[PDB]
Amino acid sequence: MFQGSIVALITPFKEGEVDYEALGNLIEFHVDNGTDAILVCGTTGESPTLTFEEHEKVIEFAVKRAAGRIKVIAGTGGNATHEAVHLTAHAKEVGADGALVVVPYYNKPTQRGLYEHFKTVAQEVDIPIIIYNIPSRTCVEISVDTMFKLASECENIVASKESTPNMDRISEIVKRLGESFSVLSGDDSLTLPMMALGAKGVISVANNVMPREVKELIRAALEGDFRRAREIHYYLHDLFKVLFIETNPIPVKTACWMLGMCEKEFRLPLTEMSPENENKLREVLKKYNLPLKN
C-alpha cells in the first residue's frame, strides 16, 4: 500500500524552534500538488538535531494537519531499540499511517542485532513499518536474508526504503520477499531503474520542490511507459544532481528557502551552502523556471 510519490519533508526552523506555520503550508503544498504521502522527521527532516519531543510534536502536528488527505509516515527510528519502540508507539498513538525505521547507524549491530531490533519494534507496535536502508550513512547494511526473515515473521513489516546504488540488491529483494512487500527508491536518480525492476515508488528529496513533475515520473513508471519515464527522468536529472551538491538536506532546504517556503535556517552540525554552490543551485532552479521568492 505504500507506493507512489512520497516526499521526505524538510523540517522548517525559525528562531531556533520548529516553524509550524511553514510546516503547515508545506503540508498543504503537497496536498494540492499530487504527492501521495509525506514522511516527517526523516533524515531530510533533520531528525538528528530534533529533540525527542519535537519529533512527537511534529508527527502529531502533521497527522492533524494532513487529516487523511494524504498519508503521513513518521520517522521513528534511531540506533537504540528501546527508544525506537517508544517513538514508534507514539506515532501509532497519534494516528500516523506508517513508521519509517532506519537501520541502526554508528553502532553497527550484527544481523542478529538488526533482526531483534526491527522484530522488537514491529511486535510492540501494530503499525505498518518501512525499513530504511542507507549504508552510506548508517555504515552498516541489513542483509536480504535478514529482511526476508523479518518480513516473514512480522506481517507488520511491509516495505523498505532503499538508498543503495546496487540494482542487484533490489532484484534480490523483489524476487525473494515477494509481492506483498514493497520496495521504495531512496534516491531520486534511481527511481526509474528501480521501478523498472519492480519498485513501487520513491521516498523523494526532489519532491520538496517539484512535486508535480516527480509525481508524473512515478505515474509513467507505474503505467509501464518508460519512454515517458525517461523523458521526465532526463528532464529532471539536473535537479536530482544539484540537490546533492552538498550533504542532503542542505541543498533541498536551501531550495525551499529560495522558493519562500521556509527560513534559511539549519541546526548545527548542518550549515548553509558555500556561496559558490548556493549560486549553482539558484541557477539550476532558474533553468527549470521555478518562481523564486528569495
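In this text, residue numbers run from 1 along the sequence as written.
On average the C-alpha atoms of 278-286 have higher B-factors than those of the other stretch, with 6-14 and 278-286 being the two compared. Mean CA temperature factor is higher for 47-55 when stretches 236-244 and 47-55 are set side by side in the entry. Among 154, 134, 159, 80, the highest C-alpha B-factor in the deposited entry belongs to 154. Note on the listed residues 86, 200, 112, 108: the highest Cα temperature factor in the record is that of 86. Among all modelled residues in its chain, residue 163 ranks in the lowest third by Cα B-factor. Among the modelled residues of the chain, residue 120 sits in the middle third by CA temperature factor in this PDB entry. In the deposited entry, the Cα temperature factor of residue 62 places it in the middle third of its chain's modelled residues. Looking at the C-alpha B-factors along this chain, the one for residue 146 belongs to the lowest third. The entry lists a Cα temperature factor for residue 224 that places it in the highest third of the chain's modelled residues.
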